[PDB]
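Chains as they are written, first to last, in the UniProt record's numbering: chain A, 2 to 286; chain B, 1 to 48; chain C, 2 to 96; chain D, 2 to 120.
Note that the Cβ used here is the ideal one computed from N, Cα and C, for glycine as well.
Below is one structure, written out as structure tokens; comments come after it.
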Amino acid sequence: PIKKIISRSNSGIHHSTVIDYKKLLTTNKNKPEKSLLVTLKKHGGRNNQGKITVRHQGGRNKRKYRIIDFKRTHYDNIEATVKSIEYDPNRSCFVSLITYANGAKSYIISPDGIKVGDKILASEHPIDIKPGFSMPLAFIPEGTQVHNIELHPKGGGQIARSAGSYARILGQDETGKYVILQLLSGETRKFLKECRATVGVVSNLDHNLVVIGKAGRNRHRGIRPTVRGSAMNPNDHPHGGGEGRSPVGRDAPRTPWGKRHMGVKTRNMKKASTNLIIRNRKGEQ
Amino acid sequence: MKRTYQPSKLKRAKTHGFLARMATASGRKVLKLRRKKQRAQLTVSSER
Amino acid sequence: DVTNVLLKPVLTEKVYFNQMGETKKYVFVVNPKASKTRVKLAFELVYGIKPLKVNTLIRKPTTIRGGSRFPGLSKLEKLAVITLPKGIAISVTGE
Amino acid sequence: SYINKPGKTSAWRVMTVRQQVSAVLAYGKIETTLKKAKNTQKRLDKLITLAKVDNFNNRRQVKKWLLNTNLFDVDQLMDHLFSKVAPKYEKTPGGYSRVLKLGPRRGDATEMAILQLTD
RNA sequence: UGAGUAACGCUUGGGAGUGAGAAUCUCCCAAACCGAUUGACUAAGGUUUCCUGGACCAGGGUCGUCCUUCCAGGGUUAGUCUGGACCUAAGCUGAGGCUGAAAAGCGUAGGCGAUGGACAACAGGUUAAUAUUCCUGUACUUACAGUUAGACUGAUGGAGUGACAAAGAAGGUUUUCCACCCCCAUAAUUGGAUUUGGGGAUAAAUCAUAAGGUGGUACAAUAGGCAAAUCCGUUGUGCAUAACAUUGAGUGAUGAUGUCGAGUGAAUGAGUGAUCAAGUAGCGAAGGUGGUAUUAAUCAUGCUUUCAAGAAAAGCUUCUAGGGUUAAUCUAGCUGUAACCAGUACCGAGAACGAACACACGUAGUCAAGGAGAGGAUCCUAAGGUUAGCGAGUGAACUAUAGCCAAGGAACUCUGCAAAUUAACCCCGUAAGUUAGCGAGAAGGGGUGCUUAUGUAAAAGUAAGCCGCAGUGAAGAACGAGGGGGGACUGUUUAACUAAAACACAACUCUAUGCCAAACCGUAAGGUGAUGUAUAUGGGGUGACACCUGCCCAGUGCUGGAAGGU
RNA sequence: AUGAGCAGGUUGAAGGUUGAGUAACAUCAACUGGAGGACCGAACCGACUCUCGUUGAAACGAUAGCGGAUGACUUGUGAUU
Ligand SMILES: [Mg+2]
Ligand SMILES: [Mg+2]
Ligand SMILES: [Mg+2]
Ligand SMILES: [Mg+2]
Ligand SMILES: [Mg+2]
Ligand SMILES: [Mg+2]
Ligand SMILES: [Mg+2]
Ligand SMILES: [Mg+2]
Ligand SMILES: [Mg+2]
Ligand SMILES: [Mg+2]
Ligand SMILES: [Mg+2]
Ligand SMILES: [Mg+2]
Ligand SMILES: [Mg+2]
Ligand SMILES: [Mg+2]
Ligand SMILES: [Mg+2]
Ligand SMILES: [Mg+2]
Ligand SMILES: [Mg+2]
Ligand SMILES: [Mg+2]
Ligand SMILES: [Mg+2]
Ligand SMILES: [Mg+2]
Ligand SMILES: [Mg+2]
Ligand SMILES: [Mg+2]
Ligand SMILES: [Mg+2]
Ligand SMILES: [Mg+2]
Ligand SMILES: [Mg+2]
Ligand SMILES: [Mg+2]
Ligand SMILES: [Mg+2]
Ligand SMILES: [Mg+2]
Ligand SMILES: [Mg+2]
Ligand SMILES: [Mg+2]
Ligand SMILES: [Mg+2]
Ligand SMILES: [Mg+2]
Ligand SMILES: [Mg+2]
Ligand SMILES: [Mg+2]
Ligand SMILES: [Mg+2]
Ligand SMILES: [Mg+2]
Ligand SMILES: [Mg+2]
Ligand SMILES: [Mg+2]
Ligand SMILES: [Mg+2]
Ligand SMILES: [Mg+2]
Ligand SMILES: [Mg+2]
Ligand SMILES: [Mg+2]
Ligand SMILES: [Mg+2]
Ligand SMILES: [Mg+2]
Ligand SMILES: [Mg+2]
Ligand SMILES: [Mg+2]
Ligand SMILES: [Mg+2]
Ligand SMILES: [Mg+2]
Ligand SMILES: [Mg+2]
Ligand SMILES: [Mg+2]
Ligand SMILES: [Mg+2]
Ligand SMILES: [Mg+2]
Ligand SMILES: [Mg+2]
Ligand SMILES: [Mg+2]
Ligand SMILES: [Mg+2]
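Written out as structure tokens, the structure is:
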């Protein structure tokens, strides 16, 4: 759920909204586990050459990266227990500090619906269909929610990692592999049989409805002001110049670097992963 | 007002110093010409 | 050892102020590359009485005879302030 | 033109006459400019004639002009004026002070003047 | 030539002296400004500009016997201060290696890199110039050797700590402050004086005591911590109003028969005298009690709340490994030895720095007095500091800065531009509209001085009386109402003519992107995106909120498409 | 990347506690709590207006007003395009 903010500061009006962080998190305080805590260096949208590469990036607050076990393969056959659900500033989804039977601690992406004290276990056998259990895709019955999908087998988690992200199983293929996966955005892909994934939907399903109320909140989040192309000079942007508010003028909108970019497809179809795609959110292949 | 030159003992030595000029091929070429002109102040290191 | 680190004794108002009242303080000029331990060793091997402690001064070169047709810089000095124990006073000249 | 000097304000003028009158009463001679000597004479003569009765009212009146000098304070200058200087001028019908002109200053060419008590 | 013209860039009077010559130099007395500063300590920078004596070629917007100028001599003392010999952040360099016509670019291990972390000294005195550095007094820290006693020692590795955000409010203890008291000098010819003025201090370190703050404590099993573990982590049990562990401002005793101290105050010698000498040497009394409903500092890296979720390493503790067993190592005590390198002067700015100028500009941090006052606002001063490096006259026109102006009160002008009214505190009262938060200090009014009494811890207030034309009597404090255009708003912008309706902003929508993702820097390696995964990223357009967004797919752009023609 | 600064004074949100109330909610009253791209106003930042200056004190300032002043804030040091 979400909770409104009543500023009552007589400088404009903003119906700001924030996540509750009280009935969804165990302890409201910020007490991350020290061992699995590395600091992140803010690149600021600049590459190794020091030149701005991705615009509108810079000015976020200092954060410390929480080491997340996306692989979840090292401590197989060992029962793990969730102890507390906390807030990770580097991802929209909550992270759970789980502890294994041998005494090892780790952070994993928290499935929605689990509370403190719910047992977890990952391995490469049938196991059980319980929320958070991670097993390979060969044994998942068709229809269940799965997140943290692994593209390369024995690799780490890559698909369905954001808040409220999930995927459905849509049967198999006659090849004996490439289990069918219906992902978000209405795309159907063929994932290898040995690929390992975790069932359950990712927590924080209400991250869509959060409403920023101020420029400063977005600036502190790490977003710099984006200047429209219509306000530019005739140099530095195709949509510049003019005397007053001027239209596009060209045959179609253009990028700052001068490509069409509007409706054109920018996917390299001669890729080894094209044959594993059934639909591309619009049509066949 | 804040004028252009704000003196700093470190910035000057680390930008126009002898070791700074002796770190790139371009720096060696500039030093060669200044030796050719027989400048008494070859670099900013020899301030005194 | 070689004893090139004892160049010249110097006598000023400050030197004579220290060089009276029980413990004597003798101020020499030493090799600018020499260290305190070398100064104590040189004093040991050429006088015979162990210094109680040694203090060092570095006087930076400065412009002298400014405005004269040919201006010149000063010379780098390292000063050493030896202090002998109570009741002992040796002469800098006469051995 | 702005940030000008304060200038020869009325307060400055009153203080200048006050300072000069205290000194000429203490020592007996003042070497000043002629146009400044010609202005201290009025206050000097007025003070002396009012100080001829030597009552406490006259002391309060004189104290608005005297200032501290090197040779006397503000309280012995009172005694010096009222017991030594003023009693001497007991029947002189005015004109106790004289201003005479010296030469020009070397660095200003202004006309100097000596103000003295005429015995 | 202009022309001896403009200008000489914010600060007065006098006495005595030097000198060939003095508004300008020295001394003294005043006077006027600064006093959240023109005062004091330093970082950066400057680089001898610091002290003494001498000089008046040149420089000083005048003068000069004088100077931050010149000449000669002198001046900067560290085991504990600021930095290395310790550690890392952004970043730089980078053997191999990758990439590239060449030069070179990227980059691993290593190595540098403070504006951060760890680390032992305080008080007073002394020279013309240095002082946590020299001296006196009292301490502390780290190494090495010998010795005594005890103990098995335990890292290049593991673990814990180190280790941290913003805002806010309560406490504990010292303070500031108030009252009393102690000590010192003073007793006043201008009317009355029975008083007036000043001071009341001591550190680091050692020992004991500590208000409190922080977090559960032991025992037992262990498969996890590149091997090992008795340490950590995990799982159980017992006891858990507490115990145990760690930390802790302050207090008392030594340090201190010391030092400092208001004031008193010479001798010696110079000199014609005064005066210097000097208000210097020396002497130097008291050096305390209670309160606080007032103050700031510390405990405090304490606590609470919120989301924007808040450095690394060294070091310290611990664990085994590994080494010892007829030993090494460590701990505690005693004795002795040693503690390296660089900086230390002065200015720190209406004259030492950045602005060519002894230029009205600019430059991090730290100490912050009294009265009234919420206040570091405002006026006057304290400690302290300066004499704005051209003066003297006159008081024409004219100019700048101010002050005032009878009657009218915007008639002026492109426009109430500018100027003027209001202004602090307390007590009444406060509309339309609205997103119900605001509007709003709305509008409109009243009181303020002094004395006595009552009130209180202090007040505020209340009642009576008195004076003036006027009583936050001076300084510092919002002019208001109504309608409309634009932008929702707070913000940003053309350094040096345009601050706005322009840009941005929260919000809406379209489009691309399934991860070796699209996009982007390069030639490539490499990298940003992102240590992110469609609730995510990039781009185009619109710009809170509310209601809406109509028709045209002919042309252009984009997507898809069987075959067929080129 | 690492540090530092914002004298002083007001307004009194969310939330929590208690009581009334509800069949139980909702709602109301008191107390606590101290949030705000909140308000007034110094240092600080900025530069909207008049006048002066335009061979200036100054190759962009002075006096008098003026906007922000806990934040999209200001600033020191170091690195980098
Ligand atoms: Mg770490
Ligand atoms: Mg963007
Ligand atoms: Mg434009
Ligand atoms: Mg173009
Ligand atoms: Mg156009
Ligand atoms: Mg048009
Ligand atoms: Mg030294
Ligand atoms: Mg006046
Ligand atoms: Mg000519
Ligand atoms: Mg001429
Ligand atoms: Mg003429
Ligand atoms: Mg003329
Ligand atoms: Mg003139
Ligand atoms: Mg002047
Ligand atoms: Mg003058
Ligand atoms: Mg004053
Ligand atoms: Mg100052
Ligand atoms: Mg010089
Ligand atoms: Mg001097
Ligand atoms: Mg001299
Ligand atoms: Mg001259
Ligand atoms: Mg010492
Ligand atoms: Mg280093
Ligand atoms: Mg440092
Ligand atoms: Mg000094
Ligand atoms: Mg009397
Ligand atoms: Mg192991
Ligand atoms: Mg000093
Ligand atoms: Mg200045
Ligand atoms: Mg200068
Ligand atoms: Mg000047
Ligand atoms: Mg400063
Ligand atoms: Mg004050
Ligand atoms: Mg003031
Ligand atoms: Mg009037
Ligand atoms: Mg009048
Ligand atoms: Mg009138
Ligand atoms: Mg009228
Ligand atoms: Mg007209
Ligand atoms: Mg008209
Ligand atoms: Mg106006
Ligand atoms: Mg209104
Ligand atoms: Mg209209
Ligand atoms: Mg606007
Ligand atoms: Mg604005
Ligand atoms: Mg401009
Ligand atoms: Mg402007
Ligand atoms: Mg590539
Ligand atoms: Mg990355
Ligand atoms: Mg974004
Ligand atoms: Mg627009
Ligand atoms: Mg619009
Ligand atoms: Mg068509
Ligand atoms: Mg087509
Ligand atoms: Mg505000």
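| Asked | Found |
| --- | --- |
| Please determine, among A:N62, A:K65 and A:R162, the residue with the shortest C-alpha to C-alpha distance to A:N205. | A:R162 |
| Pairing CB atoms from the region 47–63 of chain D with CB atoms from the region 82–102 of chain D, are three or more of them under 8 Å? | yes |
| Are the region 22–40 of chain D and the region 68–86 of chain D in contact at 8 Å, needing three or more beta carbon pairs? | yes |
| Taking Cβ to Cβ, would you say C:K26 is nearer than 8 Å to C:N19? | yes |
| Answer with buried or exposed for B:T43, where buried requires no fewer than 16 other C-beta atoms within 10 angstroms of its C-beta. | buried |
| Are the beta-carbon atoms of residue 290 of chain A and A:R73 separated by less than 8 Å? | With chain A covering 2 to 286 only, the question about residue 290 of chain A has no answer from this structure. |
| Drop a sphere of 10 angstroms on the beta-carbon of D:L67, count the other beta-carbons inside from all chains shown, and report buried for 16 or more, exposed for fewer. | buried |
| Take D:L45 and list the residues in its own chain whose beta-carbon comes closer than 8 Å to its own, dropping the five residues that flank it on each side. | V22, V25, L26, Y97, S98 and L116 |
| In chain order, which beta strand (DSSP E) runs of at least 3 residues are fully inside the region 108–155 of chain A? | 135–137 |
| Excluding the 5 residues preceding and the 5 following A:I278 in the sequence, name in chain order all residues of the same chain whose CB lies nearer than 8 Å to its CB. | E188, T189, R190, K191 and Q286 |
| Would you identify the three-state DSSP class for D:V54, choosing helix, strand or coil? | coil |
| Express the C-alpha separation of A:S10 and A:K52 in angstroms, rounding to a whole number. | 40 Å |
| Rounded to whole angstroms, what's the CA-CA distance from A:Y101 to A:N209? Just pull it up for me. | 33 Å |
| For B:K11 and A:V39, what's the separation of their Cα atoms in angstroms? | 32 Å |
| By DSSP, does C:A43 sit in helix, in strand, or in coil? | helix |
| What does a CB cutoff of less than 7 Å around C:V40 pick up in its chain, not counting 5 residues either side in sequence? | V6, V31, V55 and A81 |
| At 4 residues or longer, and completely inside the region 12–56 of chain C: list those alpha helix (DSSP H) runs for me, N to C. | 14–19 and 37–47 |
| How many Å lie between A:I150 and B:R21 at the Cα? | 54 Å |
| I'd like the span of the beta strand (DSSP E) that includes A:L182, first residue to last. | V180 to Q183 |
| Can A:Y88 and A:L37 be called in contact, C-beta distance under 8 Å? | no |
| Please name the residue, chosen from A:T227, A:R268, A:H44 and A:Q50, that lies closest to A:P257 on a Cα-to-Cα basis. | A:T227 |
| Taking 8 Å as the cut-off, decide whether the C-beta atoms of A:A81 and A:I121 are in contact. | yes |
| So, at 8 Å on beta carbons, what are the nonlocal neighbours of B:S45 in its own chain, with the 5 sequence-adjacent residues on each side left out? | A13, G17 and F18 |
| May I ask you to verify whether the region 255–272 of chain A touches the region 173–184 of chain A, counting CB pairs closer than 8 Å and requiring at least 3? | no |
| Is any heavy atom in ligand 50 found nearer than 7 Å to the beta carbon of A:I224? | yes |
| Would you kindly work out how many angstroms separate the C-alpha atoms of D:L35 and D:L101, rounded to a whole number? | 8 Å |
| Can you give, in chain order, each stretch of the beta strand (DSSP E) that sits fully within the region 182–209 of chain A and has at least 3 residues? | 189–192 and 197–200 |
| Name, in chain order, the residues that DSSP records as bridge partners for A:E244. | Looking at the DSSP assignment, A:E244 forms no beta bridge with any residue, so it has no partner. |
| From the DSSP output, in three-state form, read off D:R60 for me. | helix |
| Helix, strand or coil, according to DSSP, for B:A23 in the structure here? | coil |
| Quick check on D:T70: does DSSP put it in helix, strand or coil? | coil |
| Ordered along the chain, which non-local residues of its own chain (more than five positions away) have a Cβ less than 7 Å from that of A:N48? | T54 |
| Identify whether A:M270 lies in helix, strand or coil by the three-state DSSP scheme. | coil |
| Out of A:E244, A:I213 and A:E195, point me to the one whose CA is closest to A:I6's CA. | A:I213 |
| State buried or exposed for D:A114, treating a residue as buried only when at least 16 other CB atoms are found within 10 Å of its CB. | buried |
| Touching or not, the region 57–66 of chain A and the region 215–227 of chain A, by the rule of three or more beta carbon pairs under 8 Å? | yes |
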